[PDB]
Amino acid sequence: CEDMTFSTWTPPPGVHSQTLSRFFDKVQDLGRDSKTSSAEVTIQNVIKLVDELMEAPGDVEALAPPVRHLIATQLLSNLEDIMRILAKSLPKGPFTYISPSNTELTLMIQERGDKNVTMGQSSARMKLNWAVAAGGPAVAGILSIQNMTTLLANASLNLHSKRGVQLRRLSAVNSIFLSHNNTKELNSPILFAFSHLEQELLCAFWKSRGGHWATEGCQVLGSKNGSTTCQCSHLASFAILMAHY
Amino acid sequence: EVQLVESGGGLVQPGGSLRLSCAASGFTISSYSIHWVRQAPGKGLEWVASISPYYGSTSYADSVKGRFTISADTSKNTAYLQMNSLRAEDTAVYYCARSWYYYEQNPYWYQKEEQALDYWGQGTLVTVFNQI
Amino acid sequence: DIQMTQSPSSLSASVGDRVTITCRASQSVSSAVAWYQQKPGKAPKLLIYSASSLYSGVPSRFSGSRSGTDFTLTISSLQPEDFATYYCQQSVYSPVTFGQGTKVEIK
């Protein structure tokens, strides 16, 4: 809101690639053309730019796996922040968008209240009580990036509860966010229904190697018909994984 | 494929009787409910009756419970609707749909009794004329 | 019975415009509200069931949500074959009730 919305998208010190740099110059020009077009157009352009970066990476695929994971973590954080900031200036009610690369985004801007809310799209759906998004009108968003292989390749899965693991993501990286920043101690549990999936099936998220898949308290209610229902007590970038030992 | 073909509709005088038939092909009616939905000319959709042949579970509307009788014969795999004591308010286009209990899709996400009419019929027209 | 109230009952849009139809319901139907589309002279076709789930074959541009007793159907980008009449239905409590119907017309 203070015309510093796009200043966070910078390449971390140490990295040196000619594709990430061009992507960040593109987002800088996007911020330049953000006070003129529309909040509903800058968001679509951000999604399309992320799709361009993910679909055709240059020397990003030649980066070290820790550096790629750090890039992915920063990218997901920045995407959540930008989506919150842009949705803060949208008309009240649902906002749905599907990129040509099938990157699905849904939002729900509405007043504060304690009304049960169901929202989502094909790749992810949510069943939350609105008393947890209020923490101005509240925001609840779902950003599902289908292809995230290059940045998330050679990642490690840590369960924190408890040798070898053969990770294979089965669903899109569904990033969930609300208005309040403290997104790890939600009062009422959230119900998720992710798709595209289908020796174990887990609901794990991307926890800041610079990043690793972590379970950390997300009960898998069950899987059926290529869709797993997870009950989670926090909000992060969730993705179903197969944990072939 | 799944097809529902209605029949039996046509002209009728008030106070008369008319029996509608909805033949179901491509599936067995013994696992879904066969709703009957009418639509008055130029008006919105309106429920009429429902049936669950494996349970029986006859259910009717308010302006309908007194006269219409809905039956389903598993031998012929068709559902009927024996409309009677017809009035001029019953002129409409009657569709037969197939109620689909999608609970078994995601039993951890849906409720037991949720249903939706996924395959509709084509609609037979019933005209109640007091003069011609 | 649950009276399904619908708005605006008549909508004039264009190609590419986002279209939202509201189906606020009396009492409280939790999430079982389905959306149908009826082109003139044709039988309705199921679009969305359980207020958020897309039926098989429906384009992905259709989306739904629930906000208590308020159910909305949104179309991400309108297309020339999307101009028809839309109804919302509940089956939780007998009798099942349909919406009054919202008609979408070209601009």
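Chains as they are written, first to last, in this note's numbering: chain P, 1 to 245; chain B, 1001 to 1132; chain Z, 2001 to 2107. All residues carry an ideal CB built from backbone N, CA and C; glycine is no exception.
Range covered by the beta strand (DSSP E) that runs through residue i
i                       : result
residue 212 of chain P  : 212-214
residue 205 of chain P  : 201-207
residue 234 of chain P  : Segment: none, residue 234 of chain P is in no beta strand (DSSP E) and carries neither H nor E.
residue 1118 of chain B : 1116-1119
residue 1037 of chain B : 1036-1039
residue 1087 of chain B : Neither: residue 1087 of chain B is in no beta strand (DSSP E) and is coded neither H nor E.
residue 219 of chain P  : 218-223
residue 129 of chain P  : 125-129
residue 115 of chain P  : Where residue 115 of chain P is concerned, there is no enclosing beta strand (DSSP E), given that its DSSP letter is neither H nor E.
Option nearest residue i by Cα separation, candidates the options
i                       : options                        : result
residue 13 of chain P   : P/4, P/6, P/67, P/43           : P/67
residue 179 of chain P  : P/201, P/118, P/84             : P/84
residue 143 of chain P  : P/60, P/36, P/237              : P/237
residue 156 of chain P  : P/169, P/82, P/224             : P/169
residue 1068 of chain B : B/1108, B/1047, B/1023, B/1116 : B/1047
residue 2058 of chain Z : Z/2031, Z/2069, Z/2082, Z/2040 : Z/2082
residue 2036 of chain Z : Z/2024, Z/2030, Z/2062         : Z/2062
residue 129 of chain P  : P/167, P/159, P/117            : P/117
residue 2034 of chain Z : Z/2042, Z/2080, Z/2018, Z/2066 : Z/2066
residue 25 of chain P   : P/218, P/8, P/35               : P/8
residue 1078 of chain B : B/1021, B/1085, B/1039, B/1015 : B/1021
residue 2028 of chain Z : Z/2068, Z/2095, Z/2085         : Z/2068
residue 2086 of chain Z : Z/2017, Z/2056, Z/2040, Z/2016 : Z/2040
residue 2080 of chain Z : Z/2009, Z/2032, Z/2014, Z/2008 : Z/2014
residue 209 of chain P  : P/110, P/72, P/135             : P/72
residue 93 of chain P   : Z/2075, Z/2095, Z/2094, Z/2093 : Z/2075
residue 1132 of chain B : B/1049, B/1011, B/1006, B/1031 : B/1011
residue 2 of chain P    : P/197, P/186, P/35, P/219      : P/35
Whether residue i touches residue j by CB criterion (8 angstroms)
i                       : j                       : result
residue 2004 of chain Z : residue 2101 of chain Z : no
residue 2002 of chain Z : residue 2072 of chain Z : no
residue 53 of chain P   : residue 23 of chain P   : yes
residue 146 of chain P  : residue 106 of chain P  : no
residue 2091 of chain Z : residue 1105 of chain B : no
residue 215 of chain P  : residue 221 of chain P  : no
residue 119 of chain P  : residue 190 of chain P  : no
residue 1026 of chain B : residue 1001 of chain B : yes
residue 2022 of chain Z : residue 2070 of chain Z : yes
residue 11 of chain P   : residue 150 of chain P  : no
residue 55 of chain P   : residue 122 of chain P  : no
residue 108 of chain P  : residue 134 of chain P  : no
residue 167 of chain P  : residue 241 of chain P  : yes
Minimum Cβ-Cβ distance from residue i to chain B less than 8 angstroms
i                       : result
residue 2013 of chain Z : no
residue 224 of chain P  : yes
residue 2068 of chain Z : no
residue 2058 of chain Z : no
residue 2019 of chain Z : no
residue 2103 of chain Z : no
residue 2045 of chain Z : yes
residue 221 of chain P  : yes
residue 140 of chain P  : no
residue 229 of chain P  : yes
residue 2034 of chain Z : yes
residue 2050 of chain Z : yes
residue 193 of chain P  : yes
residue 2065 of chain Z : no
Endpoints, the alpha helix (DSSP H) within which residue i is located
i                      : result
residue 26 of chain P  : 20-32
residue 82 of chain P  : 65-87
residue 43 of chain P  : 39-55
residue 150 of chain P : 149-152
Cutoff 8 angstroms: residue i Cβ touching any chain Z Cβ
i                       : result
residue 120 of chain P  : yes
residue 1059 of chain B : yes
residue 98 of chain P   : yes
residue 92 of chain P   : no
residue 1066 of chain B : no
residue 1036 of chain B : no
residue 1024 of chain B : no
residue 117 of chain P  : yes
residue 125 of chain P  : yes
Integer Cβ distance of residue i from residue j, believed to fall under 8 angstroms
i                       : j                       : result
residue 1129 of chain B : residue 1013 of chain B : 7 angstroms
residue 1100 of chain B : residue 2044 of chain Z : About 14 angstroms separates the two Cβ atoms, so there is no contact after all.
residue 206 of chain P  : residue 76 of chain P   : 6 angstroms
residue 86 of chain P   : residue 50 of chain P   : Rounded, the Cβ-Cβ distance is 14 angstroms, inconsistent with contact.
residue 1094 of chain B : residue 1066 of chain B : No, residue 1094 of chain B and residue 1066 of chain B are not in contact; Cβ-Cβ is about 17 angstroms, not under 8 angstroms.
residue 245 of chain P  : residue 136 of chain P  : Actually they do not touch by this definition, with Cβ atoms about 47 angstroms apart.
residue 59 of chain P   : residue 99 of chain P   : No, residue 59 of chain P and residue 99 of chain P are not in contact; Cβ-Cβ is about 24 angstroms, not under 8 angstroms.
residue 1035 of chain B : residue 1050 of chain B : 5 angstroms
residue 1071 of chain B : residue 1082 of chain B : 7 angstroms
Chain P contact for residue i (CB, 8 angstroms cutoff)
i                       : result
residue 2024 of chain Z : no
residue 2091 of chain Z : no
residue 2097 of chain Z : no
residue 1111 of chain B : no
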